[PDB]
Amino acid sequence: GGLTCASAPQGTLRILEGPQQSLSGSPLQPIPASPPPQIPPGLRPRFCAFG
Amino acid sequence: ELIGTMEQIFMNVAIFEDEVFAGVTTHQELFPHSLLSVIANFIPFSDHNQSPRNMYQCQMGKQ
């Protein structure tokens, strides 16, 4: 009436919960790159010679 | 994301865009001058001076 060893298991199942990968879009930056410093339009000379 | 000193050795981090690739370049840096300190970011055009001179500027801006 006691507990005895039974037949060895024939296989093992290991369960884990996993989600999946999306598409590669690689959206690097809101406003991207190093935007260049640049000329103010027209500007004009702010200096003249004497005479 | 936020990465650490040991987690940064196993990942590619572009600096400028157009340096980002498809398989390579897992991450990307926020600004190109992220590498420099707060004081080293106050030196103008540090890119065109030799380096031992940016080390003296950092020590001279504090005197």
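Refer to the structure above for everything that follows.
## A look at the overall build of chain A
- Of regular secondary structure, chain A possesses zero helices and zero strands.
- The C-alpha radius of gyration of chain A comes to 37 Å, more than 25% above the 10 Å expected for a compact globule of 51 residues.
- Oriented by its inertia axes, the alpha-carbon framework of chain A measures out at about 125 × 20 × 15 Å.
- Across the 51 residues in chain A, those meeting the buried criterion constitute 0%.
- Approximately 6,000 Å² of chain A is accessible, and the part contributed by carbon and sulfur atoms is 61%.

## Quick look at the overall build of chain B
- When you go through chain B residue by residue, the secondary structure sums to one helix and two strands.
- A compact globule built from 63 residues would reach a C-alpha radius of gyration of about 11 Å, whereas chain B, at 15 Å, exceeds it by more than 25%.
- In chain B, which comprises 63 residues, the share counted as buried stands at 11%.
- The long-range share in chain B, meaning contacts at least 24 apart out of those at least 6 apart in sequence, stands at 6%.
- Total accessible area on chain B stands at roughly 5,500 Å², and carbon and sulfur atoms take up 61% of it.

## Concerning the side chain of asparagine 54 of chain B
Residue and element names in this part refer to chain B.
- Within the fold, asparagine 54 resides in helix α1 (residues 51–60).
- Within the local environment of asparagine 54, its side chain forms a polar contact with the backbone oxygen of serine 46, the two atoms lying 2.9 Å apart.
- In this view, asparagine 54 contacts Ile43, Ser46 and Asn49; residues no more than four positions away in its chain are not counted.

## Let's talk about the interface of chain A and chain B
- Listed per partner, the contact involves five residues of chain A and seven residues of chain B.
- Where chain A abuts chain B, roughly 480 Å² becomes buried across the two surfaces, and 56% of that area is made up of carbon and sulfur atoms.
- Counting the surface chain A buries against chain B, the share from its top three residues, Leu28, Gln29 and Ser34 of chain A, is 76%.
- At the junction of chain A and chain B, the tally comes to zero salt bridges.
- Inspection of the region where chain A meets chain B yields zero residue pairs in polar contact.
- Across the side of chain A that touches chain B, the residue classes break down as three nonpolar, two polar and no charged.

Criteria and thresholds
Residues numbered from 1 in each chain as written, not as in the entry; some residues may be left out. Chains lettered and ligands numbered in written order. Part of a larger assembly, values for the part shown. Heavy atoms only, no water. Helix = DSSP H or I, 4+ residues; strand = E, 2+ residues; numbered from the N terminus. Rg over C-alpha atoms; globule rule 2.2 N^0.38 Å. Buried < 20%, exposed > 50% of the residue type's maximum accessible area, 1.4 Å probe, protein only. Areas by Shrake-Rupley, 256 points an atom, 1.4 Å probe, with all protein chains shown as cover. Contact = heavy atoms within 4.5 Å. Polar contact = N/O pair within 3.5 Å; in protein donor to acceptor, adjacent residues only side chain to side chain. Buried area = accessible area lost by both parts, 1.4 Å probe. Salt bridge = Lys/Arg side-chain N within 4 Å of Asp/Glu carboxyl O. Nonpolar A, V, L, I, M, F, W, Y, C, P; charged D, E, K, R; others polar.

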